[PDB]
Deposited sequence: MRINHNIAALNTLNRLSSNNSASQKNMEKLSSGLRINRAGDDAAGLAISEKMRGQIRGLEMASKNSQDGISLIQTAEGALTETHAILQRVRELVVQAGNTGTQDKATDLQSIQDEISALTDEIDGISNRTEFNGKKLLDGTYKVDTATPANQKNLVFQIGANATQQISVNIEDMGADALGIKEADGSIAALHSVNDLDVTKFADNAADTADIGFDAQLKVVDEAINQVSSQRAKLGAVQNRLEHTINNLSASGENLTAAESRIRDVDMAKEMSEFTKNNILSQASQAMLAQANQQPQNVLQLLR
């Protein structure tokens, strides 16, 4: 057992780096899955804005606006409830803050070969009042956010009316869609970097366990699984000696 016990100490560093990279990838996949929902909701909001801009039936406008307001509330819910290990990911907790860096919070990941190079990652506010036409700075002026959409104003304003006409409110949705797409793409690049780290960690572990890194592909693993299964059946006493070496308190902990 002592041979196997020190093999733990050899690759303990690689295993914990592998767990950290897995945790980081799943955090990003959690954020990306929620952003996919927000993007889909924004696409539906655009359909309703376009429908409102072509409707001459104002109670139709009010019913369309009711749906839009419920959809932008869905966007707020996603930005407020999306979490990984209790950390709010999409509510602006981790947004960049170049105007006041003292207020900025970063997500930290470990990247590169050996998973020792730290990087900082930010995620912008994805709530409805933080998506839309941005000013020169990060700010969104009045009537320029997805939360400000109001298609009932189309009844009293021409399509080219500033801020509240059909063209301007449609532009708010287009900009918001691209903002969500940009945030998801930036997180995908980080995920790609963590994937490369995982594959270098695996190659490092493959080198340190030569003759236990022996299984290459599905064909070998399938064939070795059947061969090993039959050897366990045929050599029960050897199988017991080889593997039945767990201590009871470690088993209860692993089965939680």
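Where C-alpha coordinates are absent, the deposited sequence of this PDB chain has the segments 1-45, 103-105.
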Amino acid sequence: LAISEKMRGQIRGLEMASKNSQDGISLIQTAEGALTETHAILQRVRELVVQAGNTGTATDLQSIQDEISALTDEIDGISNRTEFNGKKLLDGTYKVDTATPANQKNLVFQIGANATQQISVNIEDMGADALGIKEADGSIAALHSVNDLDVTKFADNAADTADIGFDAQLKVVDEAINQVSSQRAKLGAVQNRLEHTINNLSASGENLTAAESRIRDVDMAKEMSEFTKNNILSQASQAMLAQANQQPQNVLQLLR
From here on, numbers count along this sequence of modelled residues.
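Looking at 222-230 and 36-44 together, the entry lists the larger mean B-factor for 222-230, computed on C-alpha atoms. Looking at mean Cα B-factors across 194-202 and 27-35, the upper value is held by 194-202. Of the candidates 68, 210, 61, 50, the PDB record gives 210 the highest C-alpha temperature factor. Among the modelled residues of its chain, residue 115 has a C-alpha B-factor that falls in the middle third according to the deposited record. In the PDB entry, residue 243 places in the middle third of its chain by CA B-factor. Per the PDB record, residue ranking by Cα B-factor puts residue 72 in the lowest third of the chain. Residue 181: CA B factor lies in the lowest third for its chain, per the PDB record. Residue 160 sits in the highest third of its chain by CA B factor, as recorded in the PDB entry.
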